[PDB]
Amino acid sequence: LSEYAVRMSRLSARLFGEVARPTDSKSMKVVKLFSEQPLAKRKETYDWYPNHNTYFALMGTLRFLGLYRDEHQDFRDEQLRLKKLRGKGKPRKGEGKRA
Amino acid sequence: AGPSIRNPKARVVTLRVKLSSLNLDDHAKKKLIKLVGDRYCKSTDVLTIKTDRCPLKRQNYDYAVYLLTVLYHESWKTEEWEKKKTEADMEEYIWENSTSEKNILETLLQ
Amino acid sequence: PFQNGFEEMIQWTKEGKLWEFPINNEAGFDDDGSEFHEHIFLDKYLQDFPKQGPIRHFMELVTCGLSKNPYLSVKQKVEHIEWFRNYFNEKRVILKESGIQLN
Amino acid sequence: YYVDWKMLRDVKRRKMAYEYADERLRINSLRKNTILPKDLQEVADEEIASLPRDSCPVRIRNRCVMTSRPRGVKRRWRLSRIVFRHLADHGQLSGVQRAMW
Amino acid sequence: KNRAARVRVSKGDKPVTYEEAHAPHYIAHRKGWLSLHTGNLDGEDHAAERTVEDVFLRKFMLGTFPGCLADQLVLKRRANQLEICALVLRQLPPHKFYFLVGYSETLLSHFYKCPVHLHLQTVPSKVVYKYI
Amino acid sequence: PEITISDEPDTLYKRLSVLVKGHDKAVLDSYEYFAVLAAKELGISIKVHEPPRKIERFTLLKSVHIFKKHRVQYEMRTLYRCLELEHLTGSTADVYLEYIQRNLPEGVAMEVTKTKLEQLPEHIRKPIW
RNA sequence: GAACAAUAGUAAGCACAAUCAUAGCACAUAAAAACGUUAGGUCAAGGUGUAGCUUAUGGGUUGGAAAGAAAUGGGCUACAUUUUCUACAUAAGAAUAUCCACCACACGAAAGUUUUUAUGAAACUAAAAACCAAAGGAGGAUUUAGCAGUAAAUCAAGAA
Ligand SMILES: [Mg+2]
Ligand SMILES: [Mg+2]
Ligand SMILES: [Mg+2]
Ligand SMILES: [Mg+2]
Ligand SMILES: [Mg+2]
Ligand SMILES: [Mg+2]
Ligand SMILES: [Mg+2]
Ligand SMILES: [Mg+2]
Ligand SMILES: [Mg+2]
Ligand SMILES: [Mg+2]
Ligand SMILES: [Mg+2]
Ligand SMILES: [Mg+2]
Ligand SMILES: [Mg+2]
Ligand SMILES: [Mg+2]
Ligand SMILES: [Mg+2]
Ligand SMILES: [Mg+2]
Ligand SMILES: [Mg+2]
Ligand SMILES: [Mg+2]
Ligand SMILES: [Mg+2]
Ligand SMILES: [Mg+2]
Ligand SMILES: [Mg+2]
Numbered sequence: 004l005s006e007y008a009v010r011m012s013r014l015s016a017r018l019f020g021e022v023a024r025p026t027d028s029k030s031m032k033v034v035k036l037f038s039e040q041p042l043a044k045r046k047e048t049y050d051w052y053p054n055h056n057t058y059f060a061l062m063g064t065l066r067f068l069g070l071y072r073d074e075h076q077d078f079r080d081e082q083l084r085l086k087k088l089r090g091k092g093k094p095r096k097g098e099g100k101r102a
Numbered sequence: 161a162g163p164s165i166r167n168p169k170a171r172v173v174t175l176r177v178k179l180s181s182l183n184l185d186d187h188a189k190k191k192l193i194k195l196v197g198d199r200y201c202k203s204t205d206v207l208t209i210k211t212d213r214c215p216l217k218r219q220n221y222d223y224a225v226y227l228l229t230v231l232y233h234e235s236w237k238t239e240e241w242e243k244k245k246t247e248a249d250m251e252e253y254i255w256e257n258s259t260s261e262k263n264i265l266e267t268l269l270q
Numbered sequence: 285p286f287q288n289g290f291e292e293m294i295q296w297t298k299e300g301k302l303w304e305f306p307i308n309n310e311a312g313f314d315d316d317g318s319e320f321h322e323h324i325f326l327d328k329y330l331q332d333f334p335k336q337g338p339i340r341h342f343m344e345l346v347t348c349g350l351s352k353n354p355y356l357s358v359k360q361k362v363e364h365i366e367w368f369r370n371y372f373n374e375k376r377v378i379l380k381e382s383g384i385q386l387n
Numbered sequence: 028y029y030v031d032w033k034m035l036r037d038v039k040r041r042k043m044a045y046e047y048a049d050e051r052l053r054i055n056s057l058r059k060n061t062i063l064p065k066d067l068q069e070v071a072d073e074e075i076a077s078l079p080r081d082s083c084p085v086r087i088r089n090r091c092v093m094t095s096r097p098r099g100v101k102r103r104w105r106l107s108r109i110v111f112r113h114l115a116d117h118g119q120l121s122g123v124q125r126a127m128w
Numbered sequence: 036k037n038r039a040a041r042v043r044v045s046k047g048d049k050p051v052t053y054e055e056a057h058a059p060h061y062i063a064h065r066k067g068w069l070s071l072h073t074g075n076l077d078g079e080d081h082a083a084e085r086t087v088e089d090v091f092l093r094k095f096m097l098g099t100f101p102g103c104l105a106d107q108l109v110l111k112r113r114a115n116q117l118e119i120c121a122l123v124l125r126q127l128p129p130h131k132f133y134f135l136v137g138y139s140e141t142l143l144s145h146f147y148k149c150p151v152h153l154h155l156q157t158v159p160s161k162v163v164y165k166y167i
Numbered sequence: 061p062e063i064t065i066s067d068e069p070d071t072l073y074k075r076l077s078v079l080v081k082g083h084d085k086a087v088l089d090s091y092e093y094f095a096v097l098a099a100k101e102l103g104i105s106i107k108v109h110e111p112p113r114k115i116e117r118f119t120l121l122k123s124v125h126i127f128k129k130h131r132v133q134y135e136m137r138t139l140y141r142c143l144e145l146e147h148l149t150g151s152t153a154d155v156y157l158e159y160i161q162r163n164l165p166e167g168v169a170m171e172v173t174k175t176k177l178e179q180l181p182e183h184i185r186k187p188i189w
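Chains as they are written, first to last, in the deposited numbering: chain Ai, 4 to 102; chain Ak, 161 to 270; chain Ah, 285 to 387; chain AN, 28 to 128; chain AC, 36 to 167; chain AJ, 61 to 189.
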């Protein structure tokens, strides 16, 4: 090692646009901190779930508008029909417990 | 295939320049070796610049050729500390001012 | 009405709905008109700051970081260094109390 | 309707973690620096501590997209093994085949 | 016994398409693939989104075309445009068929914000590879 | 077909390398026949090789709840073809790669590396600072 | 409900077999493995039949857990000379449980205690040093696994 080596390295450093003045290994993290995309910002993170409200509401609309057809919702519906026709329904809010 | 065309790996620009095709001086050429370092392959004389840091590839191209021009312009500038050069820093063994020289002169003295 | 599949493709492409060939992944994104020396060299916004202080150590690491970053344009980097000016000058008391006079 | 209340709170954790993200990055820039004073770091400490803890990165949990299963999730497809296997076996998943060697 | 995606042996009368008559372990041996896209290759991205897209396209095509869908839906993805290929039974008159063709192409191009192309091939009765 | 000639000195390529990735072999074989026969007509003078295949294998638990002695093993194979073109122009490049790219199959992906020939930059020519 | 110098059996279907995969063969392994059995497992992957909850068996915030007197299954590391250290990759040098007052050392601390460092808003986590060097001296009834590139030993990689 030499002073010629230190000055050569500083030359390369300030030239290439890398870290110029000697720093700790610890502080260097902050370098890498702005050198990247932060974790919570990445599209592979915040865009993880497709919007469920979108598909759900869209297809339900398209259904009542008579375009899409949901056999699951028809099963459900028909079964709550035969559940309430029996007399066991879903109580109007506030009524069930105390009465 | 898919809705989006944006590819992260696109941006990377490489430059490969043979140092034999450059107008460099002895001093300029070897100060450049010591300056650039790892980007230099010593057997085939190929210099490689990988540029990333900018979003658009035009920018990685202009900054890579920028690095080229910059290293060439500062390879010819001799400064104060280059006269401070350690003999251990040498890529060569110069017969001048050597230890083998003083061993020879002492052996011939005796 | 359509005369051929090629007419289909042609119209989709004029409309900008079909993709552009031979594909460059950068098609449709101009990056604000910027060039590298607006990205790489951040000296412009390091003008106002104490020069020999450790604040330049911290801000040179911040700078060298925002330089290496393809993921952000000019604007947001500048907002970073500006928020840093605003916050560093926000507390005048801390900097002076710490044992170094800081501007 | 998101398939669970689980996926509800975690989605709100994705929005939030995107929102205070800049604050996080810039505060933790000073907080993790050695050269700067310890005094700016105690105050930066109270600062990221003050942020709502629903906006921090690590409070976020990776779940299967459709079936919400918290664990056994394949990172690349965001899908639980039950659903993955289901999809790939019908051949609805491209390129995925049964391994013999 | 391995129950993944299989059709059990009946009294021997159960009509079966070539598709459901082959166990998962046959995929790429005999069976082809239902969906085709770049995403699962060695160096590539966003397989997940092409998968979500696939799933919803299954749901959509089976709910939009009640009772007439013959065999499982073939998804192609090429140069950002999706070619949706469906083998469909003859039930409804051509009017409603083109209505729903245009309807689907429009709504799918516009939701997925990318050009969609729909190919329907009509078949007299469900194709039977085995039994019957 | 509108054609126009700009006075500017069109870009040269020493080696235009095209990587074609796939799952299946057959499609890449046929596509190879296609690119070869397309690059012969335009007198582009090309070669083709097969870069060795890469196989990824990962494992899932076979049952919904608990048997850990039982595992399903799933596989993804990526096969390669590489077209190597030498000594081509910029326009010849844009056309050939347009024709090759528009027709690219659905299961296959394509990665192109172009090594383009530049003489020297201006501030470097023969000044010294 | 079969006998091949054949006595009432013929039968497409589905297993096994055959082909595929292990980049050529052959083998091996991998895969495949019907019908049924064990009301075997899972309503916490998800979806639902039946019953229930609806100012609550619902939805949010905040803090709190996972302590060992034991008992045991599975592992890892050993108990040392086919060993231990450093060089190192496959000829080397030294150490070596009893001399004895060693200024203790031979193996064996993965455990503890200190200080760091990784990550993180939050160290209870993980890694590395220094110290410490304990049980352990090949283990009762009784048992696991393996027929070849296997066992055993040594090394790396990936998944989250
Ligand atoms: Mg977590
Ligand atoms: Mg089994
Ligand atoms: Mg074979
Ligand atoms: Mg065999
Ligand atoms: Mg087997
Ligand atoms: Mg078999
Ligand atoms: Mg068998
Ligand atoms: Mg039971
Ligand atoms: Mg349930
Ligand atoms: Mg129910
Ligand atoms: Mg509750
Ligand atoms: Mg809590
Ligand atoms: Mg015991
Ligand atoms: Mg072992
Ligand atoms: Mg052992
Ligand atoms: Mg020896
Ligand atoms: Mg220890
Ligand atoms: Mg000891
Ligand atoms: Mg002892
Ligand atoms: Mg025994
Ligand atoms: Mg073994």
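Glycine residues also receive a C-beta, built at the ideal position from the N, C-alpha and C atoms.
Where the alpha helix (DSSP H) containing residue i begins and where it ends
| i | result |
| --- | --- |
| residue 223 of chain AJ | Past the boundaries of the shown model lies residue 223 of chain AJ; chain AJ is included only from 61 to 189, so the question cannot be answered. |
| Ai:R101 | Segment: none, Ai:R101 is in no alpha helix (DSSP H) and carries neither H nor E. |
| AN:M93 | Here AN:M93 belongs to no alpha helix (DSSP H), and DSSP marks it neither H nor E. |
| Ah:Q336 | Careful: Ah:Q336 lies outside any alpha helix (DSSP H) and carries neither H nor E. |
| Ak:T238 | Counting along the chain, Ak:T238 falls outside any alpha helix (DSSP H), and DSSP gives it neither H nor E. |
Contact with chain Ak by residue i, beta-carbon distance below 8 Å
| i | result |
| --- | --- |
| Ai:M31 | no |
| AJ:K74 | no |
| AC:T141 | no |
Terminal residues of the beta strand (DSSP E) in which residue i lies
| i | result |
| --- | --- |
| AJ:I115 | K114 to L121 |
| AJ:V172 | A169 to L177 |
| AC:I62 | No beta strand (DSSP E) contains AC:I62, which DSSP labels as neither H nor E. |
Spatial distance of residue i from residue j (CA atoms)
| i | j | result |
| --- | --- | --- |
| AN:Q124 | Ai:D80 | 39 Å |
| Ai:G69 | AN:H113 | 30 Å |
| AC:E79 | AJ:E110 | 19 Å |
| Ai:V22 | Ah:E310 | 29 Å |
| AJ:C142 | Ai:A16 | 38 Å |
| Ah:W367 | Ak:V225 | 33 Å |
Neighbour flag for residue i against chain AN, beta carbons, 8 Å
| i | result |
| --- | --- |
| Ah:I324 | no |
Neighbour flag for residue i against chain AJ, beta carbons, 8 Å
| i | result |
| --- | --- |
| Ah:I307 | yes |
| Ak:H187 | no |
| Ak:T229 | yes |
| Ak:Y232 | yes |
| Ak:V173 | no |
Given residue i as reference, the closest of the options once Cα atoms are compared
| i | options | result |
| --- | --- | --- |
| Ah:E304 | Ak:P163, Ak:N183 and Ak:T174 | Ak:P163 |
| Ak:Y223 | Ak:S235, Ak:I193, Ak:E234 and Ak:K210 | Ak:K210 |
| AN:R53 | Ah:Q336, Ah:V362, Ah:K380 and Ah:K298 | Ah:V362 |
| AN:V70 | Ah:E344, Ah:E374 and Ah:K301 | Ah:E374 |
| AJ:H130 | AJ:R75, AJ:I106 and AJ:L120 | AJ:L120 |
| AJ:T138 | AJ:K122, AJ:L88, AJ:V108 and AJ:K114 | AJ:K114 |
Supposed contact pair residue j and residue i - C-beta distance, whole angstroms, cut 8 Å
| i | j | result |
| --- | --- | --- |
| AC:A63 | AC:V42 | Actually they do not touch by this definition, with Cβ atoms about 20 Å apart. |
| Ah:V346 | Ai:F19 | Incorrect: roughly 18 Å between the Cβ atoms, too far for contact. |
| AJ:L72 | AJ:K176 | 7 Å |
| Ak:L207 | Ak:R213 | Going by Cβ atoms, the distance from Ak:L207 to Ak:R213 rounds to 19 Å, so no, they are not a contact pair. |
Contact with chain AC by residue i, beta-carbon distance below 8 Å
| i | result |
| --- | --- |
| Ai:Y58 | yes |
| Ak:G197 | no |
| Ah:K298 | no |
| AJ:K114 | yes |
Within-8 Å CB hit, residue i to chain Ai
| i | result |
| --- | --- |
| Ah:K352 | yes |
| Ah:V362 | no |
| AN:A76 | no |
Chain Ah contact for residue i (CB, 8 Å cutoff)
| i | result |
| --- | --- |
| AJ:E92 | no |
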